[PDB]
Amino acid sequence: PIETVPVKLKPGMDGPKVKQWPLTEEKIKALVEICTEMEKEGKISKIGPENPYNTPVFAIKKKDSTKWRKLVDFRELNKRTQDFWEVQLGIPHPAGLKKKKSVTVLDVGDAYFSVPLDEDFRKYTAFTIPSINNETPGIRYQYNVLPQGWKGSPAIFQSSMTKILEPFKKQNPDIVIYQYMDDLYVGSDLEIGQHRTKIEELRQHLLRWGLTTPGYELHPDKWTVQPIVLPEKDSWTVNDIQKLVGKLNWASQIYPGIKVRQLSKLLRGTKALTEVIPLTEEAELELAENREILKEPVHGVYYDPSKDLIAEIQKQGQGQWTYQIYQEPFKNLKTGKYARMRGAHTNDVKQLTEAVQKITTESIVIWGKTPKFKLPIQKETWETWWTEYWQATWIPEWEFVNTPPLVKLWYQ
Amino acid sequence: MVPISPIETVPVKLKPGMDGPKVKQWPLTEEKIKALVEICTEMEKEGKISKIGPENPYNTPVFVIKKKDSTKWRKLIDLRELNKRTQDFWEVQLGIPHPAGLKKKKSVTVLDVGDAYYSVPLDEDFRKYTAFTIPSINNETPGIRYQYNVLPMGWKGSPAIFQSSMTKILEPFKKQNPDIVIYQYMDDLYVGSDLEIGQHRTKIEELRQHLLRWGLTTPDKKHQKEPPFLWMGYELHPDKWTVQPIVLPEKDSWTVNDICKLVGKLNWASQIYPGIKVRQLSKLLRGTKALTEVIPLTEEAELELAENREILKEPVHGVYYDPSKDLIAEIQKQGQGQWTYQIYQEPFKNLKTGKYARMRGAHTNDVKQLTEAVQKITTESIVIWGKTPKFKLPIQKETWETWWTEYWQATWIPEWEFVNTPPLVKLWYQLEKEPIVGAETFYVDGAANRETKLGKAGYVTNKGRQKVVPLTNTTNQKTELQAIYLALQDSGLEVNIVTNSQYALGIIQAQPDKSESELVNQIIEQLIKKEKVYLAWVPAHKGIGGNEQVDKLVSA
DNA sequence: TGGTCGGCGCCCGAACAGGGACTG
DNA sequence: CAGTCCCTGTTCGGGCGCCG
Ligand SMILES: Nc1ncnc2c1ncn2[C@H]1CC[C@@H](COP(=O)(O)OP(=O)(O)OP(=O)(O)O)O1
Ligand SMILES: OC[C@H]1O[C@@](CO)(O[C@H]2O[C@H](CO)[C@@H](O)[C@H](O)[C@H]2O)[C@@H](O)[C@@H]1O
Ligand SMILES: [Mg+2]
Ligand SMILES: [Mg+2]
């Protein structure tokens, strides 16, 4: 019996129509159990084929959870609601959250079920549940409340959310809270034990307002970057200098102060690749000056709230991955490396999935956005396996690329 | 209250700001008219059809086709213009059930609903738009205009509305009978239980009463008490199943339409019959204009077609699914980018078979295609059984390890073991990670003139070896490949090659064993003969070493 | 006579996207 | 610095097969 905030799609844009993909027996069983309870509690109700909108659904286990979590792929809907949760009811981003020694992430998704949803909008939250071997047709539902994973849910609930937060915020002014979709990011500078304790306090605080919380802990200050690095060699072959010149030439699209002249002089002839080439003093100094420049930052790289974040990932082998986040080409807001992740040395897809998640998390903390990923994988390989390894409640945008690596600029 | 209401209906709006169909009827032959008029008049007594005063300004054509394997005729109303203007639905039929999915059941009943479309009420407000005019033996008698009171054959909302309505009716019975299996596909119902045969028939009739309550009638004529049941084009036996016999045309002279039926039949056959190959038969269909055009069979498509027919000679059958035992998929390489696979649980007792022949990419190798086939099998298995089979693959564990660790793309195969059934899948050549000491270094480049389509490909080497070759009707890309081909031809068994072509380096680094381009195939042929190849890239026009010199030669 | 609907599969070709190299 | 041309890969609608 709460007032329902009206919602509309972006003008000229129809609702999502996205086929449901096949699900494993364990996921289908979990979804059927989850939806049966949700229907009894009135969160969802069954619908007919007259509704022409569908959104994909599947189930995940969050990291170490062991308990299934329903997850809806609302990316298409969220793109057609986009203006709503930005222009009007959006959330500001605490630039200080990345600076806190510890940041915990809480799943407050359950709270959204309290508020109801605009009756006119519910037609767009439809999702179909598939059956093994197509024994039954698809069992369609739609949402009567604020759905988890929709981008209107945190905006409509922000009024309710702040009042619940406000006693806690007054008790601890220093602590910083950020809300991205189903997640609450709680960043304190306290010591570990005190930090964990305050999270229990905010848990109880959420409990007496009627919210269950099924703790993702971050240390954004530990986060570092991955500089472009030039090898140190006692002796240089013609091949080594040829590789170095190519890497430096590419780097000059990012750092305009890079110079290859004195290093090019070393390869004037037509020489065997394995021929050892002593460096001249002029080349040694040119190489020295270059290594210093690469320590420096790029000139005039600053985040722009209007522009989308783009993430590129490269597979370096031996369980190592490199990524760059940017908005304009060669103006990188962050560059990093991930090593020894889950599935290292046995599963590229599990590792790529873990990488996408970590990068998205950092983007949420640093900028309150999720990037669009350029994924070094084949479309059919990714779609087949990615849901098996997915442990997050959001889903970023991605595209697929096949760029063979001429030079290992980011890694060594 | 002229028309009674039986079961809950589905609201069906028109597309906004659009109006009902108007189009004149077909000049229907009187012979069809005899069949149509008798059935159509009967509908009104039931309430399926209603008369309408000219207040209904809508006309849509009508026609009839004989029910296959029956004397009866099927009454279908063309709604192509009404479909165009009718609201979109979301189809609830997400696929086709496969018999290999079915678990073994003690008692199986297959029953068919009668007049299934005509037993489901159409939306009351929407009924007006149905209107069509009946024809007479002469053109003198006008014929009555009729609006459907129930789902009509030929509409675009009929299947989804029926399937959703059918599920709602079935759902209470299923909740009361958790251990009955009902496969619901359109109006065909498959009912299986481990109940003993007498008790099972009690439930079967009890279910028939349940469907009767909503006006759904299951005639005895389509009832299937006794095996072998006919279901979704298959023959179902207590412990085995098979496809209903497939007739392959015998034509002595083949048109284009001929090959399509053949091809499409062989794809249906390949779900159980192992080793069906359509590659050469499909080669005949590429770039042809008329479906009617006659085409002669090559000696490749003929040999293919010969062994394909012989596979059909011997009867084959699949078994059912035992959730207790593992799922196993084995794949064989059939040559020319053709792969077949078998999914089974007990050795030599197949659940189903299949093939993956798709050629993806201009340049590829067997390892990529095997990975594609594995993915196609995995998704197919998840649909049918909801799990991924264990894989038996004709690729050495070290071959796969070498490929995926070195490849620049994320790639993965699920849990699998090596099976030593030849032909084994391997990498034909390996590029060196580091430059080869004591091997000649070929700096290669090529250029071509965009206007003349003339170009040169050549190399320079540290030993002083040199070549430049003129080329005709080429491109910059083609000459860069040519330069590399020249270096491979003119070099010893170990060679270092330096190119500035990103195009060529990208093709070759992915270790392709097959290519659409003959030039790449020849490059492959040479790479296989080498003992060691090191490919390296430098940026063009930077005054580097040999690259600068060879660039000048080919530019000339 | 030729003619309807939805689903799934294959194989095709055409139309479209986009990334590099080179041309002014 | 635009505008092409190569070249590749994706998508989508056509035909057929199969099921109601
Ligand atoms: N060629 C076609 N065009 C349109 N719809 C079709 C169709 N073939 C089947 N359907 C749809 C329409 C409804 C259903 C037809 O199935 P039945 O062949 O069994 O005809 P039924 O009405 O059930 O008469 P019964 O023999 O059961 O007494 O599938
Ligand atoms: O990953 C490709 C896949 O995208 C679908 C859903 O599986 O579209 C969803 O994901 C896209 C990429 O992130 C989004 O751009 C899109 O908005 C979202 O609906 C597929 O239909 C497509 O094959
Ligand atoms: Mg029937
Ligand atoms: Mg050149």
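Chains as they are written, first to last, in my numbering: chain A, 1 to 412; chain B, 1001 to 1556. Using N, Cα and C, we set each Cβ at its ideal position, and we do this for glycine too.
Against chain B, which members of the segment 383-395 of chain A pass a CB distance test of less than 8 Å?
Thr384 and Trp385
Can you check which of these residues, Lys1225/B, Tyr1273/B and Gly1154/B, is closest to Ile1311/B by C-alpha distance?
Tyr1273/B
Distance, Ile129/A Cα to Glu312/A Cα:
33 Å
On the DSSP bridge list, what partners appear for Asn1496/B?
In the DSSP assignment, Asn1496/B forms a beta bridge with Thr1441/B and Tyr1534/B.
Give a yes or no on whether the C-beta atoms belonging to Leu309/A and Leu333/A are separated by under 9 Å.
Between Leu309/A and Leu333/A, the C-beta gap is smaller than 9 Å, which places the two residues in contact.
Please list the partners that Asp1366/B has in chain A, where partner means a Cβ-to-Cβ separation under 9 Å.
Chain A residues near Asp1366/B: none, gap ~16 Å exceeds 9 Å.
Could you tell me the distance, in whole angstroms, from the CA atom of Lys1390/B to the CA atom of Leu1327/B?
6 Å
Taking the alpha carbon of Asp110/A as the reference point, which residue from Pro214/A, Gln391/A and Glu37/A has its own alpha carbon closest?
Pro214/A
Quick check for students: name the residue ranges of the alpha helix (DSSP H) that lie wholly in the segment 1059-1102 of chain B, counting only runs of 4 or more.
As far as the segment 1059-1102 of chain B is concerned, its whole alpha helix (DSSP H) runs of at least 4 residues are 1080-1085.
Just to check my reading of the structure: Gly193/A and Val103/A have Cβ atoms closer than 8 Å, yes? What is that Cβ distance to the nearest angstrom?
With 8 Å as the limit, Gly193/A and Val103/A do not qualify as a contact, their Cβ atoms being about 16 Å apart.
Cβ of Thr1379/B less than 9 Å from any chain A Cβ?
yes
Let me make sure I understand the geometry here. Which of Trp1537/B, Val1191/B, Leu1236/B and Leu1297/B has the alpha-carbon closest to that of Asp1112/B?
The shortest CA-to-CA distance from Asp1112/B to any of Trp1537/B, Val1191/B, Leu1236/B and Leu1297/B is the one to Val1191/B.
Please determine whether the Cβ atom of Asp1445/B lies at a distance below 8 Å from any heavy atom of ligand 4.
yes
Under three-state DSSP, which class holds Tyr216/A?
Residue state, collapsed to three classes: strand.
Using the C-alpha atoms, what's the distance from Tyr1148/B back to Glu1046/B?
12 Å
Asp1188/B bridges to which residues according to DSSP?
DSSP, once it has assigned bridges, lists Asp1112/B and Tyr1185/B as partnering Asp1188/B.
With the cut-off set at 9 Å, would you say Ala1362/B and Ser1517/B are in Cβ contact?
yes
Please identify the residue among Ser1107/B, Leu1216/B, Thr1399/B and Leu1303/B whose C-alpha is closest to the C-alpha of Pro1238/B.
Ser1107/B
Ligand 3 and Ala1373/B: does any heavy atom of the ligand fall closer than 8 Å to the residue's C-beta?
no
Does the distance from the C-beta atom of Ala1306/B to that of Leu1284/B stay below 9 Å?
no
Counting along the chain, where does the beta strand (DSSP E) carrying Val186/A start and finish?
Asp183 to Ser188
Ends of the alpha helix (DSSP H) at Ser1158/B?
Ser1158 to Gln1176
Neighbour flag for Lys243/A against chain B, beta carbons, 9 Å:
yes
With 16 as the cutoff for other CB atoms within 10 Å, does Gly42/A come out buried or exposed?
exposed
For the segment 1208-1227 of chain B against the segment 1111-1126 of chain B, are there 3 or more C-beta pairs whose distance is under 8 Å?
yes
Grab me the residues of residue 1584/B's own chain with a C-beta within less than 6 Å of its C-beta, minus the 5 sequence neighbours each way, in chain order.
Nothing about residue 1584/B can be reported from this structure: the residues present for chain B run from 1001 to 1556 only.
As assigned by DSSP and simplified to three states, the class of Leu117/A
coil
Please determine if the segment 110-124 of chain A and the segment 140-154 of chain A are in contact, where contact requires at least 3 C-beta pairs separated by less than 8 Å.
yes
Rounded to whole angstroms, what is the Cα-Cα separation between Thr66/A and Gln391/A?
11 Å
Span separating the alpha-carbon of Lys1066/B from that of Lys1075/B:
9 Å
CB contact flag (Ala251/A, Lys265/A, <9 Å):
No. Outside cutoff.
Which residues does DSSP list as the beta-bridge partners of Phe1132/B?
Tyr1146/B
Cβ of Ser45/A within 9 Å of any chain B Cβ
no
Going by DSSP, what residue range makes up the alpha helix (DSSP H) through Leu1036/B?
From DSSP, the alpha helix (DSSP H) with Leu1036/B extends over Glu1030 to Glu1046.
On the criterion of 16 or more Cβ atoms from any shown chain inside 10 Å, does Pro22/A qualify as buried, or is it exposed?
buried
Please report the residue range of the beta strand (DSSP E) in which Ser102/A lies.
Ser102 to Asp107
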